[PDB]
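The listed protein sequences derive, respectively, from chains A, B, C, D, E and F.
Position in the first sequence counted from 1, then plus 1164, gives you my numbering.
Position in the second sequence counted from 1, then plus 1, gives you my numbering.
Position in the third sequence counted from 1, then plus 1, gives you my numbering.
Position in the fourth sequence counted from 1, then plus 500, gives you my numbering.
Position in the fifth sequence counted from 1, then plus 8, gives you my numbering.
Position in the sixth sequence counted from 1, then plus 25, gives you my numbering.
Written out below as structure tokens is the structure these notes cover.
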Amino acid sequence: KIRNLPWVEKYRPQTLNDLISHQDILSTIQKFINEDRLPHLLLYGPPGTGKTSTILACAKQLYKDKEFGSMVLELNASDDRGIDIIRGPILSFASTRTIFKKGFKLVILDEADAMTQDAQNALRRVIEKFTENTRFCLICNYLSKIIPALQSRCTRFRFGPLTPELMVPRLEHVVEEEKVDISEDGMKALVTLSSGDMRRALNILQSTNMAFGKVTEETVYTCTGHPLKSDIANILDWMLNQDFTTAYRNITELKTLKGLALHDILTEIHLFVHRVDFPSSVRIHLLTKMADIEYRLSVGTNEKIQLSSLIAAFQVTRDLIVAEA
Amino acid sequence: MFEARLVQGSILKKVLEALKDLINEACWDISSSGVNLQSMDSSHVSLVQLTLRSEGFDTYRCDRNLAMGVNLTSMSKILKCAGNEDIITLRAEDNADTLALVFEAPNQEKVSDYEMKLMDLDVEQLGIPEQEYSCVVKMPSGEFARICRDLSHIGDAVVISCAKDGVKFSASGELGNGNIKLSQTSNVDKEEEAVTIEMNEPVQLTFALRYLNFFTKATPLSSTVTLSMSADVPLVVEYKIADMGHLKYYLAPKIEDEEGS
Amino acid sequence: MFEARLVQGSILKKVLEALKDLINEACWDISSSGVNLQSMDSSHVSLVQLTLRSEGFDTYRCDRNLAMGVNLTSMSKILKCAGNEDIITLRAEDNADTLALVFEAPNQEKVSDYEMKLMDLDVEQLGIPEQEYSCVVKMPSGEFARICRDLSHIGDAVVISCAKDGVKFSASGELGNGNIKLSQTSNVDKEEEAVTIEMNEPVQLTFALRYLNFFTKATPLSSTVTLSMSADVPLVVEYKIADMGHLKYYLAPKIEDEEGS
Amino acid sequence: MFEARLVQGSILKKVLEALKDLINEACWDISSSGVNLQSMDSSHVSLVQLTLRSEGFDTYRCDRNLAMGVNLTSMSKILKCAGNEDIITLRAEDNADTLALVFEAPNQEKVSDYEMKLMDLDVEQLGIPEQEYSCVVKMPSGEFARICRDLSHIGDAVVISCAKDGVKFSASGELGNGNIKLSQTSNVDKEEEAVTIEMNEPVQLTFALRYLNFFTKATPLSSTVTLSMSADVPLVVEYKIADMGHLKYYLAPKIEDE
Amino acid sequence: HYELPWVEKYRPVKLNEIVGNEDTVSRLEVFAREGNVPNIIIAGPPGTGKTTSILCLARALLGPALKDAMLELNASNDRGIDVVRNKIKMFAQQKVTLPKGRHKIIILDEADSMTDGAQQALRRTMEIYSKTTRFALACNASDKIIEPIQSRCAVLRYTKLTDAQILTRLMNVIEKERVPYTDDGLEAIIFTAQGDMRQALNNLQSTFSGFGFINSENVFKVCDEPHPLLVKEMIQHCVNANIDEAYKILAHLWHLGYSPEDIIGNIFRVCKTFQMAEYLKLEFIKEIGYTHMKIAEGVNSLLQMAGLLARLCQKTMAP
Amino acid sequence: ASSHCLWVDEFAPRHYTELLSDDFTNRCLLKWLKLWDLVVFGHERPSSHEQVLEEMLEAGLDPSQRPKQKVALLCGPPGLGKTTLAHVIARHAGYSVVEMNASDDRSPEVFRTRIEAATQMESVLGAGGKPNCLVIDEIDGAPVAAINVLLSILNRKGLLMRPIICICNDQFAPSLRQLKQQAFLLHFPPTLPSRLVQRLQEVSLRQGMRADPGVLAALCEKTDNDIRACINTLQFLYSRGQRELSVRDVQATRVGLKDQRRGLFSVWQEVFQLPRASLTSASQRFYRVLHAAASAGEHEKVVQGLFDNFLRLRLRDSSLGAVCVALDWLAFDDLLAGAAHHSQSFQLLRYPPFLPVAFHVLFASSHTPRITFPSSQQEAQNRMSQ
DNA sequence: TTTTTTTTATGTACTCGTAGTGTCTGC
DNA sequence: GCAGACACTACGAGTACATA
Ligand SMILES: Nc1ncnc2c1ncn2[C@@H]1O[C@H](COP(=O)(O)OP(=O)(O)OP(O)(O)=S)[C@@H](O)[C@H]1O
Ligand SMILES: Nc1ncnc2c1ncn2[C@@H]1O[C@H](COP(=O)(O)OP(=O)(O)OP(O)(O)=S)[C@@H](O)[C@H]1O
Ligand SMILES: Nc1ncnc2c1ncn2[C@@H]1O[C@H](COP(=O)(O)OP(=O)(O)OP(O)(O)=S)[C@@H](O)[C@H]1O
Ligand SMILES: [Mg+2]
Ligand SMILES: [Mg+2]
Ligand SMILES: [Mg+2]
């Protein structure tokens, strides 16, 4: 049947084989499940890489639908996870048996970086004393916000960013399930603008399919509003090759016609700077000035003056690069 | 269209008062047989099975089956201002989100229409095994409320044992131990106060006192309680309402470990 | 010089906490007919009238029309020091800025005297129009305090509808709509529960919950309460308190939504 | 092996309520003659000397001498669940860390076995408190607890003055002055209400009101109470029980006389 | 029955099975053999064996009387102000018959979580009932335990386990489990352990379950290289104003999925104990804090970290 | 029972002659407790900071034949013998020690009941009974209302007739401000290393253990003149496997090292003055100053002391560049505090511990500076509120 | 050889005092 | 049958701190 769902939730890897990237980690967790030797897991990485979906597929593989409510205790940041919850419901779930069928239980603590340090210190002996009865899975995006005791007690798997070569078949599966007309440059634009994020890949795909009806490079870069790489090359050429007035006029006309934002222009110019064989002092000056301009855009500032400063940071270094020779 | 009419208002108060700090939200399953409720607690340790029969209500009609998950703290505030000698009507439509509660005042002069917004939790059905038990004990509910209250003063976990002789309550605490052994109290004038042993195999298990004390707040529902115990299946605290249905309380045993020495 | 003497200590111990969180000051106006008090809330919503006639006092002396202003932050803490069934008197000199009240200490052995400074505030009498309201109804005192408490668990604003059948209290919130309909309670033994309707024109106005809860804190002073509603005149909560006078409340209605077709 | 079957649980409930907040421990010295409890306060204000004889129990077995240091808040939790008319079995082993109490309190054949962990304490030894009291009077237990409750409503300390006529109870404070004039009440039908006089050298001392209210918590434990006091020697009240034994309470006077 | 993981399955049950800190563990062996152990506080890094040493010492001292003469309290318990007054003091007053040289042991594991008032109430019960009871404390941050408690105990400090000390226990686990291995795979396990026996056992079990063999490629396919081991040379390149190699290390750490907060935390951790000039270190730390305020304010991109690296390179060239 | 007791309990002093504290403090406490013999025992005959204490012992008595200072307040670092001195001096003067410590309830009702039981009554034993001397340990952790109850029973004119001894570890607690103006303040100096070394030598000779004076002096300077910590360290280090203690076992950081709570003035001296002459490396002083300023606590008071004391030094930087970069560091700390308290991101508080080491690097001198307590910012805030 | 005080905006955790209230005792 | 006393839990209030 059809459901009114976002494509990040309509297409979720309910089984472990539907995930794409981390094949060694998923194979090791599958061999943990098959041997019934599942340890305390610590899944960390950037968002959108498949940490929640992995443990949900593992929980559905370990437990049946008639025993899932008494075997899995899933708590996240939307629930209260204070120290009275660690001493209360979590300890009573860990220290007791099951109801229907005998087996080890699972405590899923999603977004474990948001927990307080008192709760994390109270979690240590609950994990250690009841290893035979229950298992604890900790999910976080920041490993520095989890205490080193819980990092020692749980074996850590890094769910790194998804490579664009592996995000193509899952996007093709979503495309062929949703009847989406997409070209090759549309797929390249999706996997370039995602930057190791499967969630925003499906979000950009759904928004581009609804906005235009076809997914090409121009439709993706128009719906997202991201500048094209030819536009960034033209901006760099104007900033490095002519005077202040003509570069200001050309960059202002390009930003007015294309409807560009200075944040993405700064990001792509920062990526272009390290590719250009600059002198070291010129590179340091450009990085400091671009970081200052990027910091200035986080408040109620005028974007035209910051665009002029972005032009100025290269108009200063024109003479230094040329006189370096 | 679902329309259930409580003949008495005290039973709905006494059911909800037992489940107030235990059941997170009420899952009323409605069919032609009656009203069912199988919901776990917040800690996923206890399970509450409530079955209200259709013949217990004053008027009961049900066209299509419904599963109306609703909040219980919201249901607690509308049941405090409810009389104990008046009829309460449960109403809900086919494709609506309002659960209507119509009753009378303690002054018995005004209608009181209390709507509740239904919840959309997707809860999987828990499979009750319905197997036999190695111990079945009939017991007064007033005595079982007293003993679990008396052993909460000593410790926090009770090692309740049963055998052919009777049920035994033990609580090893900080002060010491409290051992209660009651057996064969059927030689009295009343009929509710009696200890009857049905099954054979002895079983010793340890349970939390916090959940057992929550189970004993259903004491005004039934004057006699039934305790079921076995070595694998959990402890069942079966209340049977006189003309309305029955209530079952499940509690998992705690993990205990022997000393290596 | 002003000198008045009450007949009971509970006629001031139960009315001051209703004005404790409602109004910030108690302005007493002294006249030959009696003592008047018309104070308005700082939010320009609530307005309380309290007049006690001179015949109900044990004794009353008034030669000049004097007005004194005192704060609720200091008279409330000395009210709990005073007794319940003791006698209370109030004394005020013509030229001094001190209000002295003499009563009995709660051990019933010694005279306890407290002094309060007179706050000089330049206020003016607003003046009630005393127009004929579109609704006149009679409700019990203790039952009406239980009405606004029940709608306090639902939403922050109540809806009052007074047609010819009775008075409907409604509150649509994030939990669900709570509707009651008090009507036709003339067949009771006690005369204070006689619910009756004295007008014909219906009206529907929404009011703030918090001040209506403040209005129900003066409920044990009288046996009944009189409610008056109109199209644009504020709601009147009238108490006929004991024998020495009557108490009157005013509450501005809430805004209405742009529900035009 | 130690066993002591108390014939009624009223004996034990009223003792441990009379010294619940008075002393923090119970030191039951066990001998063949009976059960002895001699405990003093840490601040040296009150002394409790309880003596229960072996003839007042249902059974009494004692192989070796025992000292059972017991917490009073731990054993006050037992009697709360004990019956007023019930046989209580207080038993312990010779060298054991635990003390057991067995009873059938609710009269519904509910065999209750309550055990407590003993506490080891330093042995503070006082041999015999001297008894050369000049003023010894007799008084009913109910009226003595009546005037201690009456005097507690006004002041915080009482002045007790023995005399040929009787004992005088007075207090002073900001509220008022509560004073009684005890006369000879021997012309009554009840033999417990009579005030017997066997005194000489009338004295006057000041005592704390809080510790006297704790001493008068044993009013139903005995019919009458014998008050013994003198100069530079603490006041003794005496609750002579019917068959189990006797119970006395010592109270040091305040430093500020009158 | 469910088999335990190798962290809990191969927990030592005797004090002679504990590797690392040989002098302190040997003295604990002597104290367990003879008796009359003083109050101890064992401090150190996680996974060193403090709780294992305390529990093995309690098991060797008590033995069959471990159930009645030991009180183990964790951070999962209450242990508030009213637990020290009414449960710890009552257990210290409790009469337990023990052999000569043996006392009751009150184990207060993870004593960092205990409040200041509870530790103040813990002092006199430590001092009065010391003839019959003893205290065994374990902690990570020993400064959270107050000075009067540390004066009342023999403060033991555990250091990080070396490569050979972890390697001996790993060889014992391998010979118990018949795990095939190579030398460089065990060196990779040691390198990923970083002085932690728990992480060594977890990585060994993960590599054995996922691949069935221990070489360097199977270890590094599931486990990871430690973070500050490359941040150290990133800071070294920032000292010599080499912005290109520092950005290469920064981009390599960025493409592995590390958040900017973790990267700047490792940068501050390296710069806190780096071997350079003191004034240069202070202005480096001030620049790190200035960038960390921007990261916590909401702006956190690769351009901000590159600007931080460029500012750290400038601070060298601006004496 | 040599194998049943701790070595601190076995070698604890039971007489006056074997105390290890400073003799001046013991004599002052004994003379203060012997001034109560007029009103307690009913006998006429009992048988700088020093000048004020000698004046307090000879200033006479009040008209109610009692000393004008009815509380002896004992303050100092832990492990010196304050509780030992109080108990030995109370048992020496014929009193019975009534102990009130931090494991009691410490609520004002229980505090009032305990003091009224300990001080307002006689003894049960009558003639020959020991008087009760109330010793209140850990009075620094008591609540302010308990101190108000103690002062109310101190100055009630229900008259006090028995001495009260109060023992604290920090005299500058906010709850003991009004207690200091009324009590007989006895500040405990650190113990003499020669006497402590002789006592440790006697303890080791009693246990059959051999140790040089040098290794015992190393232990004494390691434990910061703590008697209890030194005896516990010897009890752990000796055991029975070996007899001769080595220098390297004490010099090792594995046994005997405890985290000291450094005072504010010691931290300010350590920051503003270089150590006197290995330890001459700048990185060792950097880490020592950082760890000491972290271990002190009360970081805002340290920052206020640095702000109020760095301009009164004999500064060699006449170009005011060091002052400018120190004020930049202070503004950096202020911005870090504001950003951590604004965005709920408290991982920005690991940097302001480097403010005292920045002040140590900038203003290191070999002179002897006079450090005063910071008061300018608090007086400015009080005047601004007024 | 030198010590007083309240500001940062939430969120959590701890601790302590207070007030309706269910239940027991008694005339 | 109704007034007084006992402890019970929920709730209001004050305070500290949050890094390595
Ligand atoms: N490896 C993956 N394979 C396939 N789809 C994926 C993968 N990772 C993410 N997705 C998609 O993205 C959605 C969200 O994935 P999540 O598991 O929630 O990512 P996540 O790792 O949990 O990120 P955070 O840290 O929780 S915000 C899924 O429902 C899928 O549609
Ligand atoms: N020194 C050691 N020798 C042998 N195994 C060890 C050692 N240290 C740790 N282990 C193993 O790691 C497990 C955990 O050790 P623990 O002692 O619980 O850690 P810990 O020292 O308490 O550190 P924290 O601060 O509590 S996380 C043990 O069960 C052993 O399997
Ligand atoms: N002369 C002595 N010889 C040997 N041990 C001693 C001597 N004097 C004291 N001690 C011991 O050293 C310790 C002194 O600490 P205490 O007096 O009990 O407390 P304190 O010194 O006031 O320090 P705090 O603040 O309470 S931790 C005790 O364990 C004494 O038994
Ligand atoms: Mg997630
Ligand atoms: Mg541990
Ligand atoms: Mg001490």
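C-beta: ideal position from N, C-alpha, C; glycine also.
Check, Outcome
"Assuming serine 1234(A) contacts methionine 41(B) under a Cβ cut-off of 8 Å, what Cβ separation, rounded to an integer in Å, is found between them?", "6 Å"
"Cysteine 63(C) bridges to which residues according to DSSP?", "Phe3(C)"
"Answer with yes or no whether the minimum CB distance from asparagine 571(D) to chain E is below 9 Å.", "yes"
"How about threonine 598(D): is its C-beta nearer than 9 Å to some C-beta of chain B?", "yes"
"Any idea if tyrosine 10(E) is buried or exposed, counting beta-carbon neighbours within 10 angstroms, 16 or more meaning buried?", "exposed"
"Quick check on the DSSP output: what are the complete alpha helix (DSSP H) runs of length 4 or more inside the stretch 357-394 of chain F, in order along the chain?", "379-387"
"Shorter than 9 Å from the beta carbon of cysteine 1318(A) to some beta carbon of chain E?", "yes"
"Please list the terminal residues of the continuous beta strand (DSSP E) segment that includes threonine 589(D).", "588-592"
"Mapping DSSP to helix, strand and coil, what is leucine 1183(A)?", "coil"
"Among all the DSSP beta bridges, which residues are the ones paired with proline 141(C)?", "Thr225(C)"
"Does the beta carbon of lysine 75(E) come closer than 9 Å to any beta carbon on chain D?", "no"
"Between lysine 241(B) and chain C, is the shortest Cβ-Cβ distance under 9 Å, so that the two count as touching?", "no"
"Closer than 7 Å between the C-beta and any heavy atom of ligand 4: which residues qualify, listed along the chain?", "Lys1215(A), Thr1216(A), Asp1274(A), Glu1275(A), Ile1303(A)"
"Select from the stretch 71-97 of chain E all residues with a C-beta closer than 8 Å to any C-beta belonging to chain D, and list them in chain order.", "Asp76"
"Could you tell me if the beta carbon of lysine 107(F) falls within a distance shorter than 8 Å of some heavy atom in ligand 6?", "yes"
"Let's test the definition: count the other Cβ atoms within 10 Å of the Cβ of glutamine 127(E) and tell me whether it reaches 16, buried, or not, exposed.", "buried"
"Give the straight-line distance between the Cα atoms of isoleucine 114(E) and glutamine 625(D), rounded to the nearest whole angstrom.", "30 Å"
"Within 10 angstroms of its Cβ, does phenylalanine 371(F) collect 16 or more other Cβ (buried), or is it exposed?", "exposed"
"When you compare the CB of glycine 288(F) with every CB in chain D, is at least one pair closer than 9 Å?", "no"
"Since I believe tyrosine 115(B) is in contact with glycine 156(C) (beta carbons under 8 Å), could you give me their beta-carbon distance rounded to a whole number of angstroms?", "The Cβ separation is near 12 Å, so there is no contact."
"From the DSSP output, in three-state form, read off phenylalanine 1321(A) for me.", "strand"
"Could you name the residues of chain D that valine 15(E) contacts, counting a contact when the two beta carbons are closer than 7 Å?", "Within chain D, no residue comes near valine 15(E); the closest Cβ sits about 35 Å away, beyond 7 Å."
"Since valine 1355(A) and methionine 1331(A) should fall inside the 8 Å C-beta cutoff, what is the C-beta to C-beta distance between them, to a whole number of angstroms?", "5 Å"
"Strictly under 9 Å for the Cβ-Cβ distance: is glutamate 286(E) near chain A by that measure?", "no"
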